[PDB]
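What follows is each chain in one-letter form.
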Amino acid sequence: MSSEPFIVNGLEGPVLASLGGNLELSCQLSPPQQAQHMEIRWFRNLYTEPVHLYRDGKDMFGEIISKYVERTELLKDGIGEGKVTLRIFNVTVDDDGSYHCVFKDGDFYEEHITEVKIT
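Residues numbered from 1 in each chain as written, not as in the entry; some residues may be left out. Heavy atoms only, no water.

- This deposited entry lists solution NMR as its structure determination method.

Here is the structure:
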């Protein structure tokens, strides 16, 4: 009974960062595809309006990543290895709560709560 689409690997994610500096967000996935054309959401914000989903390497106006300004670099080069690395600049003491890591493998989707830590 193969009902396993794609899953997450590793841990929830205790990601450590420095305020104003660079936040390297790391998520591990085990998809059936290379996930290059897949959709990912790797951010934290309050209420469903900003931070929705960024896809294929293309931004989404309705996702408005402009919420974290132009300080966003989603390393998708790793995605073929099952790793996504979001470099977000200027982490804050409110932002270091739990980052919402969401992976969308075509029709499949998985969730993860990455607890940030300002060290």
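**Side note on the packing of aromatic side chains**
Argument step 1. What the rule picks out here adds up to two aromatic pairs.
Argument step 2. Measuring from centroid to centroid gives 6.0 Å for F6 and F103, while their planes differ by 85 degrees, and the two rings are edge-to-face. Of this pair, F6 sits in the segment before strand 1 (7-9) while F103 sits in strand 8 (residues 98-105), placing them 97 residues apart in sequence. The two residues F6 and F103 agree in class, both being buried. (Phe/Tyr/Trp six-rings, centres within 6.5 Å; stacked < 30°, edge-to-face > 60°. Helix = DSSP H or I, 4+ residues; strand = E, 2+ residues; numbered from the N terminus. Buried < 20%, exposed > 50% of the residue type's maximum accessible area, 1.4 Å probe, protein only.)

**A look at the side chain of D96**
Argument step 1. Within the secondary structure, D96 sits in the loop between strand 7 (83-89) and strand 8.
Argument step 2. Here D96 sits buried without a salt bridge, and the closest side chain of opposite charge, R44, lies 7.5 Å off (N-O distance).
Argument step 3. Of note is the side chain of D96, whose polar atom sits 3.5 Å from the backbone nitrogen of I118.
Argument step 4. Residue contacts for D96: discarding those within four places in its chain leaves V91, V116, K117 and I118. (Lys, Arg positive; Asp, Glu negative; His and termini not counted. Salt bridge = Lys/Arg side-chain N within 4 Å of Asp/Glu carboxyl O. Polar contact = N/O pair within 3.5 Å; in protein donor to acceptor, adjacent residues only side chain to side chain. Contact = heavy atoms within 4.5 Å.)

**Description of the UniProt feature "disulfide bond" in the protein**
Argument step 1. Only sulfur pairs under 2.5 Å apart are read as disulfides, and the UniProt pair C27 and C101, at 2.0 Å, is one of them here. Of this pair, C27 sits in strand 3 (residues 22-30) while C101 is found in strand 8, placing the two residues 74 residues apart along the sequence. The same class applies to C27 and to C101, which are both buried. (Disulfide = S-S within 2.5 Å. UniProt positions renumbered as here; feature names shortened; annotations may be inferred.)

**Digging into the pairing of strand 4 (residues 39-43)**
One face of the sheet, then the other: side chains in a regular strand alternate in exactly this way.
Argument step 1. When you tally the buried positions in strand 4, you get four out of five residues, the bulk of the element.
Argument step 2. Two strands pair when backbone bridges link them, and strand 4 and strand 5 (residues 54-55) are joined in this way by two bridges, in the antiparallel orientation. In the strand pairing of strand 5, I40 is matched with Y54. (Pairing = 2+ DSSP bridges.)

**Remarks on the sheet that holds strand 3**
Argument step 1. Within the open sheet, the four strands sit side by side as 1-3-7-6. Their pairing is antiparallel. Only two strands of the sheet have a single neighbouring strand rather than two, namely strand 1 and strand 6 (72-75). Strand-to-strand, the axes of this sheet are offset by a mean angle of 30 degrees, without reference to chain direction. (Axes fitted to C-alpha atoms, helices over the stretch in contact; angles between N-to-C directions.)

**Brief notes about the state of the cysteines**
Argument step 1. This model, assessed by the stated rule, comprises one disulfide.
Argument step 2. A sulfur-sulfur distance of 2.0 Å marks the disulfide that ties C27 to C101.

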